[PDB]
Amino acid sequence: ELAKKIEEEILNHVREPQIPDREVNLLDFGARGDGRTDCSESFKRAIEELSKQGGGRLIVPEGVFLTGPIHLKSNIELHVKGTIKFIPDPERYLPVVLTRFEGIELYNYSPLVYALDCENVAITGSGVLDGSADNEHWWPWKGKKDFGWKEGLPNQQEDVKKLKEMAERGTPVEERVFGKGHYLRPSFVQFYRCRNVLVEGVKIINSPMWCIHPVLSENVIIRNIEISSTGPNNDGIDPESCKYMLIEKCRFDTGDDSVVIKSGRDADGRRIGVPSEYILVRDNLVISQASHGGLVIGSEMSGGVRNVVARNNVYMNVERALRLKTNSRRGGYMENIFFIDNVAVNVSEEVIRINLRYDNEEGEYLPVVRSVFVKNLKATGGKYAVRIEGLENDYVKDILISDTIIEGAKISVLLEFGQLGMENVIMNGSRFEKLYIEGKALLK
C-alpha cells in the first residue's frame, strides 16, 4: 500500500543539516537583550563572521533582542534561547528581495528571517520569534476592520490585483517591484530555493502573515515548534513547491490554515511547474478555533501537489480537518493525498472538504483532483462530515474513506460531480459497510 511506501521514501531523503562545530554568542557583537537596543547590526556581523570561517552556530541568549530582518547564509544555525523581537517598521525590510505573495513571485519587503539559495540552514532552541504584528502593525494591510484597518488607510487589495495581472501577462519577476508605497506583507520565516533546512524547538508569535514558508526547497525538517498567531492569513506552515519534507511533533494555533501545501498560483505557478511532493506530516497537535484547516492543499496548487501523508495527528476545534481547494483558473493537480490515523474533534465547518470552486473564480485550466484516502479517522462535529464538489466537466475522482467514525455532523455527505467510496464508515445514525456513488448525492 502506497502510504507506507511514501513515508519510507520521505524518510530516506530527509536528513538534518550539517552545521560546523563552531559557535558564537550574540552579546560579543554589542547586542543587548533589554528589549530596547537595536540588534540589527549584531546579527549581520555575527552571521558574516561565521560564514567567512565556513559557517556555524549563533547563540541568542536569554533576553529580548530587537532587530530588523535577519538574513541567513549557508551553514548557519540560529540558536534561540531568549526572544528575537522584530521591529515592525516596513523601511527596515528594504531593499526589496525575491519573495512570493499568495503563490506569485515578486520583489517585496524581506521576510523577517530570510535565506535565499542557501544550503544547511537551521533555526533551533526553545526560545521565541516575535514578529510584532498586531492591530497597529502589518495586520491593517489586510483591509479587515477585525484587525485594525479603517477607512482612509491603505490596504493590499489594489496591489493583489496588480500582482495577479502582471503574472497573467507573464511579465518578468524583476519587473514586479513592490516594497515602499505598496501593502503586501512579508512572510515570517522563509527559505527560498534552499536545501537541508531545519526548524526546531522555537515558539512563533505575532506573525505578519504566513509563519513558516519554505519555497522551492528540498530536505526540510520542521519539528517540535509551536505556532501561536491568530491574525489575518496567519498560516502555520506553507510548504510551497517543496520536495522531501517532514513536519512532526508541532503545536499549532493559527489564524488561517495550519499546515497548507502549495506550489504557486495560476500562470506563475504553471510557469515554474514545480510540484510539492513527498511531504510527511505526523504526530502534530492543532488546538485552534481560529484554524481554517488542519491539513490543507491549495488553493495555490498550480505546480501540482502529490504524495502527501498526514498520519497520527490530533485536530481540536478547527474549522476543517482535511481541506482541498482549487478552481478552473489554477490548472495543476492534487493527487495521492493520504489522511491516516488522525483524530479531529469539535470541528465547526466540514470534517472533510474538497472544493473545485474556490473563490468562485473560473478559467480554462481544469485541475486534476483524484486519489484522496482517509483511513481510521475518528472525528466529531461539523455542518458537514463530507463535502465534495467538483465540476460538470471535471469530476473529483477516486476518493476513498474507510474504517472511519464521524459523530455529530449535521449533514453526512454533500457530493456534486464526484466519485466517493466508503468502506466500514459510521456517521451518526447511519453505517456503511460498503458505499459507492458517482454523480450527485445528499445524505443526512
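The numbering used is simple: start at 1 and walk along the sequence shown.
For the pair 372 to 380 and 28 to 36, the record assigns the higher mean C-alpha temperature factor to 28 to 36. According to the PDB record, 46 to 54 carries the higher mean C-alpha B-factor of the two stretches 46 to 54 and 382 to 390.
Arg282 sits in the lowest third of its chain by CA B factor, as recorded in the PDB entry. In this PDB entry, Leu163 carries a Cα temperature factor that places it within the middle third of its chain's modelled residues.
Placement of the Cα temperature factor of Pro367 within the chain: middle third of the modelled residues, per the deposited record. Among the modelled residues of the chain, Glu433 sits in the middle third by CA temperature factor in this PDB entry. Among the modelled residues of its chain, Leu106 has a C-alpha B-factor that falls in the lowest third, as given in the PDB entry.
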